[PDB]
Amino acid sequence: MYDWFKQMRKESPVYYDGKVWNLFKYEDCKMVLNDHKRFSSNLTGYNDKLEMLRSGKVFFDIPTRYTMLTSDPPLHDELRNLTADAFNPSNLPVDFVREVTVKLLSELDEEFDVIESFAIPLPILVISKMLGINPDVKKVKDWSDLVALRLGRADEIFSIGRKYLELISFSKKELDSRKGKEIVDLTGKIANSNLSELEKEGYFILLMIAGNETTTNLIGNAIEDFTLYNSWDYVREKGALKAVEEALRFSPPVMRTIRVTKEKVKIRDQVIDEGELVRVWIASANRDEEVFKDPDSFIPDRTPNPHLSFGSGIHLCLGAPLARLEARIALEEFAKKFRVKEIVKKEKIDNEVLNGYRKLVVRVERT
């Protein structure tokens, strides 16, 4: 789609596709993301029925409609503050991340799929630790995909089934079991907060799912990019701090996000009415030639590197510090342990929003 993006950036940067407005230019995307007053995230009615929720009124709905991701301040800020400290660099479980990474890599043969054997389990084990739940990896992965793989698919991520009910019941079981028992981990903090049961479930589910899906894509995308563009020696000698940022820019785990206008606005020469949906194409913004010279070139030491892969503004990814830490440790440990001979087989995830490999088989040599 990068060709489409390039074609759209030059001839129709602010484009209406018949249902929603699409932004392909970096500056337009950054502006929209930072301007939360005019471009709301209140896309699921969370802010509107907050009063109803806190009153004690119970109605059947899917928890995922009630998370900080789709809320405007002050509610948004109040929600984020509940767990924000736990995601600050100084509080991340650094040793645990490294320990799990090394053990996962110890179980590998000269040829393996880095997605199922490494990229998938690492984030799941780490977020489970922070949540304080005992990680049934396969189960958590299945639920994560159940929710994540519905993104882009019109109104399905809010549709419920047997597997979704299983997820909601698990969230309720975990939360209820920690209510009145502990507030040391994320589950306990949510459970003992003053939010409605439905909000607690959504908050818990958000942290568990957003906590691994995109990080798996980042690690897999980076292993692919570093191999293809021969960045491994650079990472072994300099570390992966800048390389991870280029991987984020070049292969964004999340291709786009969305907002809804709260008032009539004008972007470039286009007038957009109140209540209209606006797709912010992070992927296209990251390849905007204006902002990124040699946009299609993978330059691991690109500096500075202001990509929008984690968003921008008040919704800037709460897990950004954690994701970068996991990716940095995963890739540096991988580089130290293996010499990638070749990418044997690769298969992309079929989704419009999530960008990554569902299978990436590599042949390596010890050292």
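When you see a residue number, it is the position in the sequence shown, counting from 1.
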item: Stretch exceeding the other in mean C-alpha B-factor - 119-127, 266-274; value: 266-274
item: Segment of higher mean CA temperature factor, 256-264 or 199-207; value: 256-264
item: Residue, from 62, 299, 316, 32, that the PDB entry assigns the highest Cα B-factor; value: 62
item: Top Cα B factor in the deposited entry, candidates 158, 87, 281, 226; value: 158
item: Relative C-alpha B-factor of residue 171, binned into the chain's lowest, middle or highest third; value: middle
item: Within-chain third of residue 135 by Cα B-factor, per the entry; value: highest
item: Third of the chain's Cα B-factor distribution that residue 231 belongs to, per the entry; value: lowest
item: Residue 291 by Cα B-factor - lowest, middle or highest third of the modelled chain; value: middle
item: B-factor third for the C-alpha atom of residue 41 within its chain; value: middle
